[PDB]
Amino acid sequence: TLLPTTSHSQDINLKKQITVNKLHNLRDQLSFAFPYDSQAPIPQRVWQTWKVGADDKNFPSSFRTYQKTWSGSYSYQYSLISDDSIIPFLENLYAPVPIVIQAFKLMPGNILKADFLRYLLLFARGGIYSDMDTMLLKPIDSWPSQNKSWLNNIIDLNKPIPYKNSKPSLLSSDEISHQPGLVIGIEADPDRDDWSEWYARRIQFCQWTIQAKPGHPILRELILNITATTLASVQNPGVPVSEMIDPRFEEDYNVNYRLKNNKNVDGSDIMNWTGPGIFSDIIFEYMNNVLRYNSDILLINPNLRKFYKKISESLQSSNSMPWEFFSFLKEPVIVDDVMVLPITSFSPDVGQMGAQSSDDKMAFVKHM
């Protein structure tokens, strides 16, 4: 295999399908084995994982209440993958792309794996992944990613926002009636007062709850980046990693620039490896990449606001997605096929950055 980077793909159209007549690059291999279907709906399926099943005697008692909100009947299929099942399930799932599972198995320690697992599960099967310390507040068929009524309200009240490379005859709001392919919630507002490293990025999305269609290119790019970083950062890669990476950008693979074993991996390593900072980097890289190469990218922001002129200028003059587009979000926004939810949606009751209570109509999941 060759292991491309995600941070120097400005020369590649990330939405573009690569076809073959009658392979080697891990980006193309993931696309081939897990194709993206923007026309199909999000699967009505919930994924959770823990060391043990829910009826296990060691299942933590403080989680048993939370897990019932997800596992019910929901007019939605629920799957809890116990630790004994994770490896054979990923082996069955990523059989077409075995280097992905090799890397997962080589990850030192339990937190890197549990972080990485959510992206693997969603990319291969879609649905919702939510951590065990989360509570579902409103049924998922009532979410704005799912409820045809809500999606129609977004379509009927908001016109596409143009950008430098856009062609208006291609931009229509009703494309989103096929549902977003990725649904994420703000964790930290980019305009907040706190600039400690409590959160790892300026624009930060909750990693504890994510919804997606299988094959979404952002999940592809996350898996690429984490796969290549793992192999170049562990003591037993099983492959001659130095011969398989981009020769122009060697410092972008080994995690210490940002070998690791079970004893030397710290919290800021996890942060730079599988955590919410790499998630947000990949997401913004993707947003800016698709505007560069496509004339039909749908941009909907019902909150347009104080940053309007800068937003308009970033889009229409610089062809770039400004961080201000995601500031003071009170209603969902659309970037291509990514729906970004307000802080209240997956982070209610934090009494900060405008988060409302889990009683708000925008509150969908409470993080415990």
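We number the residues from 1 along the sequence you see.
- Coordinates are lacking for 1 to 3 deposited residues between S75 and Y76.
- Unmodelled residues of the deposited sequence between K22 and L23: 4 to 9.
- Just going by the entry, 5-13 versus 346-354 on mean CA temperature factor gives the higher value to 346-354.
- Legend: mean Cα B-factor per stretch from the PDB entry, 192-200 versus 89-97; the higher mean is in 192-200.
- Taking only the listed residues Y66, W47, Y36, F59, the entry reports the highest CA temperature factor at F59.
- Among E221, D156, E285, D266, the highest C-alpha B-factor recorded in the PDB entry belongs to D266.
- Ranked against the other modelled residues of its chain, the C-alpha B-factor of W150 as given in the entry falls in the lowest third.
- Annotation for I311: CA B-factor lies in the highest third of the chain's modelled residues.
- Split the chain's modelled residues into thirds by C-alpha temperature factor. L122 is in the lowest one.
- Ranked within its chain, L137 lands in the lowest third, by CA B factor from the PDB record.
- In this PDB entry, the Cα temperature factor of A54 sits in the top third of its chain's modelled residues, the highest group.
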